[PDB]
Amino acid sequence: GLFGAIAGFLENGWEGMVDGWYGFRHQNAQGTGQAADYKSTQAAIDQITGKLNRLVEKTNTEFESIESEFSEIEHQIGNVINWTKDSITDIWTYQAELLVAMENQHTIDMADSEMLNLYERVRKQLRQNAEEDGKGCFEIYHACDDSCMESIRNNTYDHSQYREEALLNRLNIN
């Protein structure tokens, strides 16, 4: 969308990840796996919570009655009241519609943003050891066992360890 990941260069979402909002799938010698990223997921959930908290804050403002339900209201003042009440209702509906339309547009973009921030975060961590496939995957140009994969997910992967092997495998020279 605004940031190009969700509904963008990422083909689709993972129904099988009930673990969090964003995450990893890896393929290696040992096989496959799936693990959700906690920091990026909570970054998005906390912002949704921030919206839900603003929504629910109650500014009242006790109102009393200006329209009798059980007796006749003089016609001129009743028409002023009606007209006033409808103009105000028109205003509140318009805002309620604007709020929800604006908030949602921003929610789906910020969520796209957290996805992209994590993708960028991983990309920089592998620097010259992998390449982007264009679909949100990094092709790693060195052997990477589960302890290497878990280090990528845990943000501790040391690019200096595999650079030599990777550049070799990438450039196909030297």
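Residue indices: 1-based, along the sequence shown.
Stretches compared: 55-63, 130-138. Higher mean C-alpha B-factor in the entry: 55-63. In this entry, 31-39 shows the higher mean Cα temperature factor of the pair 31-39 and 117-125. The entry lists a Cα temperature factor for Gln105 that places it in the lowest third of the chain's modelled residues. The deposited CA B-factor of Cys144 belongs to the highest third of values across its chain.
Placement of the Cα temperature factor of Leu171 within the chain: highest third of the modelled residues, per the deposited record.
The entry lists a Cα temperature factor for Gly13 that places it in the lowest third of the chain's modelled residues.
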